[PDB]
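Chemist: Protein chains in written order, with UniProt numbering: chain A, 62 to 276, 286 to 297; chain B, 169 to 240; chain X, 14 to 135; chain W, 2 to 243; chain D, 30 to 106; chain H, 47 to 92. Just so you know, even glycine gets a beta-carbon here, dropped at the ideal spot from N, CA and C.
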Amino acid sequence: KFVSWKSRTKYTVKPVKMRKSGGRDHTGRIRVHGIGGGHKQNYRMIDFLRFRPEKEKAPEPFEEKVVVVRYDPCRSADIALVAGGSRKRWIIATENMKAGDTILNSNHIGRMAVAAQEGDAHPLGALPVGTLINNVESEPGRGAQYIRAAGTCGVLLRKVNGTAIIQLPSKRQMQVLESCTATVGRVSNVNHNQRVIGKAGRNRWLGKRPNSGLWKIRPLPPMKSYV
Amino acid sequence: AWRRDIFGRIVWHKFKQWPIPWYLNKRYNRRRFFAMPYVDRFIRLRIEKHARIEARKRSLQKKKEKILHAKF
Amino acid sequence: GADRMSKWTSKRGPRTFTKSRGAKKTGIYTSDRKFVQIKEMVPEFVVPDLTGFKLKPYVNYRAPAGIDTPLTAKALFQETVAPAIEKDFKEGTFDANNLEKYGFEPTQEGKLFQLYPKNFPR
Amino acid sequence: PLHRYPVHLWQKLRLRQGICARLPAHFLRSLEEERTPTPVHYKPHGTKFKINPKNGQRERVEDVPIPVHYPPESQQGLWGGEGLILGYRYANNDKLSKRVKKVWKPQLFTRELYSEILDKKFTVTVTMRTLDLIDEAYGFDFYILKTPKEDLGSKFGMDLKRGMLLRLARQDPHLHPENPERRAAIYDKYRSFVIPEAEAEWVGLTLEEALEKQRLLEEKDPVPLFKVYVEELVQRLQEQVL
Amino acid sequence: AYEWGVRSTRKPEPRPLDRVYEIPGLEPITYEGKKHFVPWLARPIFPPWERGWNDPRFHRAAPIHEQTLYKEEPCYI
Amino acid sequence: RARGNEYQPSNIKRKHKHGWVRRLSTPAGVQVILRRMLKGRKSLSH
RNA sequence: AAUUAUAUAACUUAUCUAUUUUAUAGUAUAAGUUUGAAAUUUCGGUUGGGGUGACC
RNA sequence: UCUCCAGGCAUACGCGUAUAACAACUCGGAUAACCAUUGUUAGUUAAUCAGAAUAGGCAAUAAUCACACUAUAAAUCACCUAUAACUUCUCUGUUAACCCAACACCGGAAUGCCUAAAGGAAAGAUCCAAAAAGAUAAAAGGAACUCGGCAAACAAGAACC
RNA sequence: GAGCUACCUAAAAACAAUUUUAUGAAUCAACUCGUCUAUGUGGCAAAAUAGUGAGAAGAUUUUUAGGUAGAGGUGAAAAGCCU
Ligand SMILES: [Mg+2]
Ligand SMILES: [Mg+2]
Ligand SMILES: [Mg+2]
Ligand SMILES: [Mg+2]
Ligand SMILES: [Mg+2]
Ligand SMILES: [Mg+2]
Ligand SMILES: [Mg+2]
Ligand SMILES: [Mg+2]
Ligand SMILES: [Mg+2]
Ligand SMILES: [Mg+2]
Ligand SMILES: [Mg+2]
Ligand SMILES: [Mg+2]
Ligand SMILES: [Mg+2]
Ligand SMILES: [Mg+2]
Ligand SMILES: [Mg+2]
Ligand SMILES: [Mg+2]
Ligand SMILES: [Mg+2]
Ligand SMILES: [Mg+2]
Ligand SMILES: [Mg+2]
Ligand SMILES: [Mg+2]
Ligand SMILES: [Mg+2]
Ligand SMILES: [Mg+2]
Ligand SMILES: [Mg+2]
Ligand SMILES: [Mg+2]
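Dropping the structure here:
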């Protein structure tokens with residue numbers, strides 16, 4: 062009888078009502094522990110393909126205007142409503158975004174290095190080595206999946222041929238095609254890790270239930295005696 | 169029509185009036201006019217249950233005739 | 014602790030539970046939560062004029078009851094259809110195609126009163 | 002009390018009464034007859050007698066077919082009589098070890114097969130045994146046509162056979178139209194399998210399908226008794242004139 | 030590019046057609062004559078149904094492009 | 047606390063948990079009905 | 001503890017595919033090897049209370 | 001009429017005639033009177049209380065007297081474009097001292113209004129024993145009690161492991 | 001079999017007065033719980049009564065409907081709870 066709430070097909074900026082799980086599945090059994098209750102939250106559909114040219118428009122660099130930088134219940138980072146043409150869409154906001162700012166979204170792969178302005182989306186080929194990036198996408202056109210948490214920045218270590226090495230926030234090095242799109246700068250809420258929950262009740266507000274109260287090398291035969 | 173219900177019996181089904189044909193009516197289609205294989209064991213049990221009732225009735229008649237002829 | 018043997022009726026259960034007592038519907042509930050009664054859906058009693066009628070509820074005990082002969086299709090056919098066909102056969106003006114001339118109905122569709130499926134109440 | 006007939010005869014009794022009795026005689030023969038399929042999962046005994054090695058005496062031997070489970074999915078394919086063997090094994094292959102549940106599964110493949118009589122390519126789930134059997138039969142059409150119901154072991158396989166047989170029986174010009182010479186060649190190649198049109202209709206049908214078919218054949222609206230009595234009246238009147 | 034609407038919530042894909050339909054020249058035996066579904070017979074294919082008259086309570090609108098006032102040029106309201 | 051009052055009547059729960067439609071929804075439930083029919087129960091379900 | 005252990009997870013060889021000049025990759029299955037989620041079964045006898053040593 | 005007591009009236013869920021009158025005095029109420037019992041007859045009345053056309057486009061801006069403010073846990077069809085239809089009141093709930101606890105059970109039981117204008121009766125009659133239970137009062141003393149200031153107190157303060 | 005109980009999902013509800021650095025703060029009702037004592041021990045009760053006590057804007061309490069089922073479920077682990 063469990064139907065997922067993720068049943069909306071059309072992108073909108075209207076907040077969407079979310080149903081909580083509690084850690085259960087469609088079967089109805091707990092699959093993950095520590096999830097329950099919390100404050101009621103609304104989902105704001107984020108757009109992780111920064112370079113999405115508007116409908117009935119050419120695939121060339123375009124600009125968008127930042128309406129407001131909001132607080133997101135569903136994320137550690139903060140989101141920004143950005144407007145361009147006749148379209149509004151939520152996006153992830155970088156460290157220094159402000160209302161009224163203008164951000165570029167470019168398809169052009171610069172033969173030479175492109176000056177890096179935080180918040181603008183360029184193909185990794187355009188960027189020069191060493192520039193901090195966020196909201197990287199593993200495959201061209203896939204959509205951002207990495208470095209989209211609060212304060213996380215990835216360095217662009219190297220570019221050779223049509224491939225670049227991206228150092229993920231965990232220091233795990235990844236490689237992608239330079240056609241892949243990344244957003245310059247680190248993600249907002251750079252001080253998210255400095256927060257102090259302070260009391261147990263605050264965690265219960267965040268939908269986190271308390272942990273359970275419950276409290286292996288095998289020697290080889292030569293070593294079994296000497297264990 | 170003569171139809172088999174989900175319990176394995178044969179019953180006369182009275183039709184109803186509808187504004188749409190049967191294949192487009194979702195309420196009607198949810199009704200089942202067939203029995204699955206798990207019903208055959210119950211079908212035999214009814215036959216045997218009924219056969220016992222008939223056997224007892226016939227025996228009792230024969231016993232009752234004895235009383236009549238003995239009495240008269 | 015519930016009663017399993019008594020009938021399920023609208024008096025029982027919560028307020029949300031409702032069901033009919035067998036009265037035929039006389040209208041439709043449209044959108045906006047409005048009842049719209051349909052004049053055609055409301056049964057109309059066809060009552061005859063009883064002035065000058067000689068039949069009363071009871072009969073004389075001296076009135077002889079007749080031999081019971083339930084009406085059959087053959088009995089109806091002989092009384093109504095047989096004389097016409099017999100007369101026409103003697104004159105020779107009879108053919109299979111024109112059975113409708115004697116009162117046959119090829120189909121019940123288009124009739125106000127259909128014999129099968131019946132479309133009128135008693 | 003007791004039932005008049007043993008339980009194993011109950012199916013035969015039903016086929017002998019009711020709408021089942023009205024089914025064609027040839028169709029009932031297929032239902033009535035029980036024939037064992039060709040061995041697949043066990044080696045048959047070559048002889049009817051062998052010498053028991055211990056006592057050195059001639060002993061009668063019999064073939065006991067292994068019980069095989071045929072999943073409902075197999076009815077959508079052309080498995081070559083293969084099925085699932087649900088059984089047990091002895092761990093380490095010694096009688097004194099544990100008895101363990103074991104299921105032996107056939108290796109299934111999806112292949113494209115072309116039927117000349119139907120001139121259509123089907124995608125079918127198949128085993129290597131079926132491909133070998135088709136090779137032995139010299140074509141997909143021959144395999145379907147030659148193989149009996151028991152060995153074919155597929156409702157889809159039986160359905161294909163009905164189509165081929167009906168196509169041959171009618172000499173339908175729908176096969177390769179505009180090339181009457183090619184149509185004739187195909188029909189001639191498979192001429193051995195031609196049977197009467199009536200028989201081909203009922204090939205491969207299940208009992209439920211047959212009953213529905215027979216019900217449709219005999220379905221009729223009742224005759225208005227007005228017509229019936231008129232016919233009786235006309236005949237009597239006509240006879241009187243004679 | 031992320032697609033909105035998880036597949037589990039979408040209308041389920043139609044069940045595949047019975048293989049008897051694939052066979053040319055063969056008329057499948059279906060439960061149409063019965064006037065009810067049965068698990069062991071072929072599923073009928075019904076032609077689109079037309080009531081033969083207009084029912085206001087169950088009116089169905091035409092698509093946008095078939096509307097009389099459909100115009101190529103957008104009008105911002 | 048005092049026990050014995052575990053029945054907290056609710057007609058919606060009763061018909062949904064033990065009703066006709068609930069019993070016919072699964073083959074196991076249909077077999078429940080068949081058993082009660084063979085015994086001769088006056089009440090097949092709630 | 002003894003017996004098992006297509007729960008997973010790896011591998012190897014077949015099988016089946018593609019390619020390949022023999023190589024690669026894969027894999028509706030079969031047979032092995034490694035892990036063990038589990039399963040099944042048992043708690044000999046003499047020894048104040050034990051511990052221990054012993055004994056049959 | 002008097003004496004005294006202080007959760008009452010509605011709705012929801014549930015219950016299913018326990019409702020009311022008459023007649024009975026077998027059974028039921030743990031006894032009578034009287035009926036909650038038996039039999040017969042009656043009852044609960046609603047357009048406002050309560051239950052029960054289609055296809056498109058589209059949304060940044062809590063609540064808290066919402067103003068000032070502050071905040072964080074980030075918080076509820078409409079409107080528009082077209083299409084279609086072009087005057088209607090039937091059906092169902094409505095009684096009660098009632099439900100879940102085997103009982104006319106010192107128990108359990110949601111919300112709104114109100115705190116006596118509503119709702120009720122702790123004593124069948126008599127007697128004034130022991131033991132037992134509860135309440136109040138205490139000469140002198142004030143923890144000498146007891147495993148322990150348990151319980152009670154005109155006390156209800158301080159401090160340390 | 002989750003109308004009890006354990007946990008969860010959806011939709012709802014309740015919190016007076018008094019102080020406060022403005023809150024899993026304080027005092028104390030309604031409400032929730034159940035510290036200690038006496039009574040009761042076939043009891044009013046198959047866990048209650050009478051006092052005395054703990055929390056009482058929160059990790060609070062409570063209502064309606066739904067969910068997870070025994071080789072299992074749930075568990076702020078008592079091997080506690082699942083009529
Ligand atoms: Mg711990
Ligand atoms: Mg009980
Ligand atoms: Mg409850
Ligand atoms: Mg009286
Ligand atoms: Mg008495
Ligand atoms: Mg009364
Ligand atoms: Mg009475
Ligand atoms: Mg009333
Ligand atoms: Mg009790
Ligand atoms: Mg009063
Ligand atoms: Mg007294
Ligand atoms: Mg005192
Ligand atoms: Mg004193
Ligand atoms: Mg002392
Ligand atoms: Mg002393
Ligand atoms: Mg004390
Ligand atoms: Mg519940
Ligand atoms: Mg308050
Ligand atoms: Mg507090
Ligand atoms: Mg306190
Ligand atoms: Mg305190
Ligand atoms: Mg808990
Ligand atoms: Mg412990
Ligand atoms: Mg312990």
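1) Is there contact between the stretch 139-159 of chain W and the stretch 170-177 of chain W, where contact requires at least three CB pairs shorter than 8 Å?
2) Identify which residue in W:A138, W:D120, W:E113 and W:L119 has its Cα closest to the Cα of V127 (chain W).
3) Can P230 (chain A) and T242 (chain A) be called in contact, C-beta distance under 7 Å?
4) Please check if any C-beta of chain W sits within less than 7 Å of the C-beta of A219 (chain B).
5) If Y89 (chain W) sits next to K103 (chain W), beta carbons under 8 Å apart, how far is it from one beta carbon to the other, in whole angstroms?
6) Per the DSSP calculation, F50 (chain W) is bridged to which residue(s)?
7) Among D:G62, D:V67, D:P76 and D:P45, which one has its Cα closest to the Cα of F202 (chain B)?
8) Distance cutoff 7 Å, beta carbons only. Does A86 (chain X) sit that close to anything in chain W?
9) Does the beta-carbon distance from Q236 (chain A) to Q228 (chain A) come in below 7 Å?
10) Cβ closer than 9 Å: which chain B residues qualify as neighbours of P2 (chain W)?
11) Quick one: does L213 (chain B) have its CB under 7 Å from some CB of chain H?
12) Say whether chain X places a C-beta atom closer than 7 Å to the C-beta of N51 (chain H).
13) Is it true that the CB of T38 (chain D) sits closer than 7 Å to the CB of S82 (chain A)?
14) Could you tell me which residues DSSP puts in a beta bridge with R150 (chain A)?
15) State buried or exposed for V76 (chain H), treating a residue as buried only when at least 16 other CB atoms are found within 10 Å of its CB.
16) At a Cβ cut of 9 Å, what residues of the stretch 47-79 of chain D count as close to chain B, listed as they run along the chain?
17) Around the Cβ of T192 (chain A), are there at least 16 other Cβ atoms within 10 angstroms (buried) or fewer (exposed)?
18) To which residues does DSSP link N166 (chain A) through a beta bridge?
19) I need the DSSP call for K99 (chain W), collapsed to helix, strand or coil.
20) Which whole-angstrom value describes the C-beta separation of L90 (chain H) and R82 (chain H), a residue pair presumed to lie in contact below a C-beta threshold of 8 Å?
21) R17 (chain X) versus chain H: which residues are under 7 Å apart at the beta carbon?
22) Have a look at the DSSP bridge pairing and note the partners of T242 (chain A).
23) Find the residues of chain H that neighbour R25 (chain X), judging by a C-beta separation of less than 8 Å, and give them in chain order.
24) Hey, is the stretch 97-111 of chain X in contact with the stretch 232-241 of chain W, meaning 3+ C-beta pairs nearer than 8 Å?
25) 7 Å is my cut-off, CB to CB: does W170 (chain B) come that close to chain D?
26) Return the Cβ separation of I194 (chain A) and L217 (chain A) in integer angstroms, given the expectation that the two are a contact with Cβ distance under 8 Å.
27) Note down, in chain order, each residue of its chain lying with its Cβ closer than 8 Å to the Cβ of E124 (chain A), except the 5 sequence neighbours on either side.
28) Please determine whether the Cβ atom of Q215 (chain W) lies at a distance below 6 Å from any heavy atom of ligand 3.
29) Which whole-angstrom value describes the C-beta separation of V231 (chain W) and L128 (chain X), a residue pair presumed to lie in contact below a C-beta threshold of 8 Å?
30) Using a C-beta cutoff of 7 Å, does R60 (chain H) count as contacting chain X?
31) Which of helix, strand or coil does DSSP assign to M158 (chain A)?
32) Contact criterion: CB-CB distance below 7 Å. Does residue 20 (chain D) meet it with respect to chain A?
33) Compute the beta-carbon to beta-carbon distance between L3 (chain W) and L16 (chain W), rounded to the nearest angstrom, for a pair I have assumed lies under 8 Å.
34) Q236 (chain W) versus chain D: which residues are under 9 Å apart at the beta carbon?
35) To the nearest whole angstrom, what separates the beta carbons of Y72 (chain A) and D108 (chain A), a pair I think is in contact under 8 Å?
Modeler: In terms of the structure at hand:
1) no
2) W:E113
3) no
4) yes
5) 6 Å
6) W:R61
7) D:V67
8) yes
9) no
10) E216, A219, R220, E222 and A223
11) yes
12) no
13) no
14) A:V143
15) buried
16) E61, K63, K64, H65, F66, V67, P68, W69, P73, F75 and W78
17) buried
18) A:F123 and A:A182
19) coil
20) 5 Å
21) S89 and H92
22) A:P184
23) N57
24) yes
25) no
26) 6 Å
27) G145, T163, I164, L165 and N166
28) no
29) Not a contact, Cβ separation roughly 18 Å.
30) yes
31) coil
32) Look at the range of chain D in this structure, 30 to 106, and you will see that residue 20 (chain D) is not part of it.
33) Incorrect: roughly 22 Å between the Cβ atoms, too far for contact.
34) The contacting residues do not exist; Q236 (chain W) stays about 35 Å from chain D at best.
35) 7 Å
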